[PDB]
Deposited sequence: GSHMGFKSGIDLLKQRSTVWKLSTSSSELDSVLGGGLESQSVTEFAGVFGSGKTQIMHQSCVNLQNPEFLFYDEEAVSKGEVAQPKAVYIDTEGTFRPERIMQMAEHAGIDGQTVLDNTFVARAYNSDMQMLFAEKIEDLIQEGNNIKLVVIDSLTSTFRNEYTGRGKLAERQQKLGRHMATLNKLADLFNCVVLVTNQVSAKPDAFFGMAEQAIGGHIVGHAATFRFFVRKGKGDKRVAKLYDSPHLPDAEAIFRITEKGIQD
């Protein structure tokens, strides 16, 4: 039941990464967004949280954007990847998808066909939608990217009794984190500015196109800052 020595390393090797289309961002991420982990992009208004969630669904459809050790992750495991986008804010825009696709050399329609978008209006729908993700897989959908944009808006606006909230939001995370592990996929969640989450960034604005993404929590990477801009191409630099 316990894994030791070489097994630990082999287990860590089944972890693949998704590129953000930003050199700096990827750099700070240790190579890219990690599968089997939950990565949070908390940030200020118009900081780009949503843009990254979009760019992420797009890059998922460009095979050269999935970095993984072939000796530990067969092409068959990352074949025909599909993303699940749980939209809590109603900020999903299929046109931003088309545009990002365009500038990346991807069939925008392919992205839309391989991305499941669930509109959630309350904390119950949110949690439930994240729970059905398994069924989706069970239906033969190779879910490899999950997006909860955002993660804490519903829970906040619904809850003194702030214990029920944490107790519930924690239950959501449990499902999310487990999801990431058993199905070897990347989990992304946003937060406008208490809960688990292996990676945590805080984004902000700079000079126009400019954005400053600060990585302040991860189990094996140092705190660092990546700089990128948002343009009609999506995330870039």
Exercise. What ranges of the deposited sequence, counted from 1, have no C-alpha atoms in this structure?
Worked result: 1 to 4, 164 to 166, 201 to 220
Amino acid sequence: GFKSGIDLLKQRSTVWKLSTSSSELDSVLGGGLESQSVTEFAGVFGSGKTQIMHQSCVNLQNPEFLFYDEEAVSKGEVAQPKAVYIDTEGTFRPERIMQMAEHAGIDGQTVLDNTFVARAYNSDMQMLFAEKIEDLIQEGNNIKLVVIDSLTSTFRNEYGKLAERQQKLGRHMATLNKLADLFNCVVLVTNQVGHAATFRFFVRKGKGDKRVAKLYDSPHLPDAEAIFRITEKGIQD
From here on, numbers count along this sequence of modelled residues.
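Here, rigid core means the biggest group of C-alpha atoms that superpose within 1.5 Å across both forms.
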Problem set entry | Stretch with larger C-alpha RMS deviation in 6 other deposited structures of this protein, core superposed, 51 to 59 versus 195 to 203 | 195 to 203
Problem set entry | Outlying stretch relative to shown form, 225 to 233 versus 8 to 16 in 6 other deposited structures of this protein, C-alpha RMS (core) | 8 to 16
Exercise. Where do the C-alpha atoms have the higher mean temperature factor in this entry, in 17 to 25 or in 209 to 217?
Worked result: 209 to 217
For this session: Read off the CA B-factors in the entry, average them over 129 to 137 and over 92 to 100, and name the higher stretch.
Result: 129 to 137
For this session: Among the candidates 146, 117, 73, 111, give the one with the maximum CA B-factor reported in the record.
Result: 73
Exercise. Based on what the PDB entry reports, which of 173, 189, 203, 185 has the top C-alpha B-factor?
Worked result: 173
For this session: Comparing against every modelled residue in the chain, figure out the third that the C-alpha B-factor of residue 151 lands in (lowest, middle or highest).
Result: middle
For this session: Could you say whether, by C-alpha temperature factor, residue 30 belongs to the lowest, middle or highest third of its chain?
Result: lowest
Seminar exercise, completed: Chain thirds by Cα B factor, record data; residue 50 belongs to the lowest
Exercise. Within this chain, which third does the Cα B-factor at residue 180 fall in: lowest, middle or highest?
Worked result: middle
For this session: Just say lowest, middle or highest third for the CA B-factor of residue 42 relative to the other modelled residues in its chain.
Result: middle
